[PDB]
């Protein structure tokens, strides 16, 4: 049922309802000659929506807003980017122009600026040390420690037991690390264990790219990371 890379024409955005008031958004980026899927999250909060992550690029993010208006019809009032790379912040300027208040940790904003990427407007306090958590509308934001990037956040929806791992969590079909240029390989397994410790009740786990599963995705990611460490 979950849309896969091949089932989404490039440039389009699909929404997948995970639970009451919780969707993922799925988009594609054809880069270096190959096609990659990417996930973000949408969480209802009363009569408004919280967006987690852009759809990787201005045109994709414009299509995301159009699909949200078409299928859900509630306004996106805030957005959080979970780390500084273009698959999370590319499209922030589109969100800002549409009147969405954009947020990231101060570490993410700084890294995005250094990279020349788009920079969310607001700074999320209370997330600077591993293990820190804060509530943000209908979600909890959690900084597990450095992993895929030093600034990566994860997002938990307590009403639905949905854990969105972003790019710190790999889908099961990804058995090699790929590009990890900004990762902390040494800390990544420890950061994953903090996620497990904090969200042992999670029933759905959404990776940054590809198919959702359960908490098994965490130990799978640790296995991939450790194998890459010993490469």
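Definition used throughout: the rigid core is the maximal C-alpha set that superposes within 1.5 Å between two forms. Positions refer to the first chain, counted from 1.
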Core-aligned Cα RMS comparison in 8 other deposited structures of this protein - stretch that moves more, 178-186 or 50-58
178-186
As stated in the PDB record, which stretch has the larger average Cα B-factor, 9-17 or 208-216?
9-17
Once average C-alpha B-factors are taken from the entry for 71-79 and 140-148, the winner is 71-79
Identify, among 36, 164, 188, 170, the residue whose C-alpha carries the highest B-factor in the deposited PDB entry.
36
Out of 154, 101, 92, 114, which shows the largest CA B-factor listed in the entry?
114
Which third, lowest, middle or highest, does the C-alpha temperature factor of residue 118 belong to within its own chain?
middle
Which third of the chain does residue 198 land in by C-alpha B-factor: lowest, middle or highest?
middle
Should residue 53 be placed in the lowest, middle or highest third of its chain by the C-alpha B factor in the entry?
lowest
For residue 125, does the deposited CA B-factor place it in the lowest, middle or highest third of the chain?
highest
Tertile call for residue 107 (CA temperature factor, within chain, third-based) is the middle
